[PDB]
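A single chain comes next, written as structure tokens; it is the form deposited in one PDB entry.
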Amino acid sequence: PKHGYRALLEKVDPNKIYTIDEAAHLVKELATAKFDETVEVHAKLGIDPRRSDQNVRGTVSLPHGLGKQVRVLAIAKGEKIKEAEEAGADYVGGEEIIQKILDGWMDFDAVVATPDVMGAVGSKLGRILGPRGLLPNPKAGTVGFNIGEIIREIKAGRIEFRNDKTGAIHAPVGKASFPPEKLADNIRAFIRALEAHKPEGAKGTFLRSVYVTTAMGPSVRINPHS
């Protein structure tokens, strides 16, 4: 999105490749104090993305911040509301829940949704969920009609990852509110999950470039082997 970020650019050296521990400490500085933000890791992979035998897809069981503890909100419609309840979502609502969130409620820690409510969710809650990194989307796997499976996967402590057509890949690894050592552990966990999924026959360096970022702030380049 358009960057106002500027008053935060001077804190990040764009030419430095930070260690994972330095980056975890930096991310904490920074982040706005006004709302929590999801921290993601983005990597460009040493794969030929036009080859179906070099796809990178799987899950990462983050050592911190997930499991039953995460309070998941599922927004759905009709039968899928029951499906979300039956899957154990902590909170469930139809489009009417949008009014509760607009009024100020955010007891939830994650948001998943069916595609049929996304027009309303984006329309009304885009500026609330977006900056917080809580806006569900199909590419991340947080929007789907298989709402029950999506909920059970998060509750089981797993985050999905899949490379895109450009050979890039990204996944959330925590929040800016996390203690830096926990954020570092989570960052390494995602890197290890990627490495474990390195396809047979991949050419050259696998993790070509890797960054830690948030939906609003600037990206921090990191050494994935640190």
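Between two forms, the rigid core is defined as the largest C-alpha subset superposing within 1.5 Å. In this text, residue numbers run from 1 along the sequence as written. Residues that one form lacks are left out of the comparison.
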item	value
Length class of the unmodelled deposited segment, which would lie between residue 4 and residue 5	1 to 3
Given 16-24 and 210-218, the range whose Cα B-factors average higher in the PDB entry	210-218
Higher-scoring stretch by recorded Cα B factor average, 61-69 or 194-202	61-69
Of the residues 140, 97, 121, 112, the one carrying the largest Cα B-factor as recorded	140
Highest-ranked of 78, 93, 144, 130 once sorted by CA temperature factor in the record	78
Record-listed C-alpha B factor of residue 86: chain third	middle
Lowest, middle or highest third - CA B-factor, residue 55	highest
Cα B factor band for residue 163 (lowest, middle or highest third within the chain)	lowest
For residue 154, the third of its chain into which the C-alpha B factor falls	middle
Third assignment of residue 186 from its chain's C-alpha B-factors	lowest
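Below: the form deposited in another entry, not depicted.
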{"query": "Change in CA distance between residue 217 and residue 112 in that other deposited form, which is 3 Å or more, as closer or farther", "finding": "farther"}
{"query": "Sense of CA distance change between residue 109 and residue 178 in that other deposited form, threshold 3 Å", "finding": "farther"}
{"query": "Mobile segments between the shown form and the other one [3+ consecutive residues, each C-alpha shifted 2 angstroms or more, core superposed]", "finding": "1-3, 65-154"}
